[PDB]
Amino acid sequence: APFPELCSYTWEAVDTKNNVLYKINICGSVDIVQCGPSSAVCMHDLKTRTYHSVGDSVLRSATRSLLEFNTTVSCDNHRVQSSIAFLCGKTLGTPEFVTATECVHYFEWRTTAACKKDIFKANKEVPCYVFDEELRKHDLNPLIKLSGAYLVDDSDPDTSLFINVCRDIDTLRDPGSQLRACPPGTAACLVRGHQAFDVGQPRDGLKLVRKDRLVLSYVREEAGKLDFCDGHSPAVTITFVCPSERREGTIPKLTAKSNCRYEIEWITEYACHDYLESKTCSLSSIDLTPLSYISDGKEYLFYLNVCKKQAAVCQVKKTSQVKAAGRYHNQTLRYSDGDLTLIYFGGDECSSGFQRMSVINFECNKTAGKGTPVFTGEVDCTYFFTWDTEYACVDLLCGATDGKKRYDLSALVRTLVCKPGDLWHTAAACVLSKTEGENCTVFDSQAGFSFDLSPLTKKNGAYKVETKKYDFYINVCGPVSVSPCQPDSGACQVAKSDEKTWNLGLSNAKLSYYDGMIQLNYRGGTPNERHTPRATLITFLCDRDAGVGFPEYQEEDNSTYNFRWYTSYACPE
């Protein structure tokens, strides 16, 4: 069970009560020296910051569904250990913590990498989760598409940008439907008509940036082409954002697309953090009461009941020596990020010091007509079962979409066809459309309201943006007005290393508007020796409670200069 697809990454799983993070490295070693040179599983336990390797990379073995890592440490029999129960899954997934004693530490992982046919596997998929400062857990595996992709919103009628979250786009399981042309392995495909291009491919996993912003980056350096990418390496950077009363809630939106450096922002509920728990046969949502049962073993044979005199799980040998492998009272039902896991603890103490536990991994399956538990292995008197059942079967948009034509209600937030700007027939109803203005204003004639950014326009244009290398000075609609730059430029780069500056483009007040984005483009700027004068993009984005806000430089090429500006000036009010 090497599972190549799980190499190269140091996964994370959390135990929410004890307040511990474990770091799993199945193919190698956690790269923490505090943990130790040969840790494949690592206890942190933030609460009293300490470290313990509860699994050595060398001392590894499999057993049916399980992978297990041993260590040469006494406890109490005596040896400390960690194990993962592997189930097949639709995405690469994450490991979820099950339970721990002073010796054993158990997990389960539902993943593509535990399927014995590769048709289900992605050309390339990446970890689609992160943990924040309070080990909360943000995870976008629900967004991952198995076939097809997400049309990214952009006014341009000619070209369309499709993406998948954390993996390549499977174009085969819908033959004929628009995407066929897309080069194999692409997570970001650019259609221009009948021709398709790979503008992005998975490499690293999901990142957490500035507290609460998930960033995912696709790249393509192993490349050619650059017909229209002027010697730029095509790249995609998506920013997932947890909705709020402030932040709209949306489909994904193209905020930049110069130099084949696509920048997408996507307000989606799956960006928010959650780990439920109960000693009952249900949670806060479905009950497991509707679910006597006879699971076959090696030498042995199992018997299980809904919810020892009692015994919820019973082992007998096919030899009528019988042992109980799970009580009734001592129970824990748990929903951990999509995974429903029931445990029993009762346990007749086996030869060794432990009491027999049963861990059941309920999978969702309609065509089960209830469902049946399969035995999937045993480790130090803990018996694992996977249960396909319908009774374990458990992203609300304000605006719809057309053959590329969007719709959005927002100014109607304290059947409808639209009306000329009236705002029940309402301007808010029908198609969204790009409009351009000037004098630091733009009028969305459809919706009936116009935006005016003019109060940002500074009279000596010090807006002060520090990269740890450069000091960008910019201004809105008006020009800059700072030490080295010309009073010409609306944007200006200045290295602190040197002090050497570059005009990033001449200012103008020619606003653009489309689907809640406002855009300033400066086009002068210092010259690749085709001509290539520098330019700046500044996408302004509605945030009801951002106020005026502040610009933020978007990391790209040496050569590309996009800033973002969250501000309530881009909002309808």
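One-based numbering along the sequence shown.
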Missing residues, deposited sequence, between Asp76 and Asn77 (class: none, 1 to 3, 4 to 9, 10 or more)
4 to 9
Answer with none, 1 to 3, 4 to 9, or 10 or more: how many deposited residues between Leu291 and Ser292 are not present in the coordinates.
4 to 9
Between 560 to 568 and 13 to 21, point out the one with the higher average CA B-factor as the PDB entry records it.
13 to 21
Avg C-alpha B-factor, entry values, 99 to 107 vs 199 to 207, higher side is 99 to 107
Could you tell me which one of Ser352, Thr341, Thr441, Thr268 shows the highest CA temperature factor in the PDB record?
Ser352
Sorting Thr112, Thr435, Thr255, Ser177 by Cα temperature factor from the record, which one lands on top?
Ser177
Based on the entry's values, in what third of the chain does the Cα temperature factor of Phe69 lie: lowest, middle or highest?
middle
Compared with the other modelled residues in the chain, in which third is the CA B-factor of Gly505?
lowest
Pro373 by Cα B-factor - lowest, middle or highest third of the modelled chain:
middle
What third of its chain's C-alpha B-factors does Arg213 belong to: lowest, middle or highest?
lowest
Of the three thirds of Cα B-factor ranks in this chain, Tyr303 occupies the middle
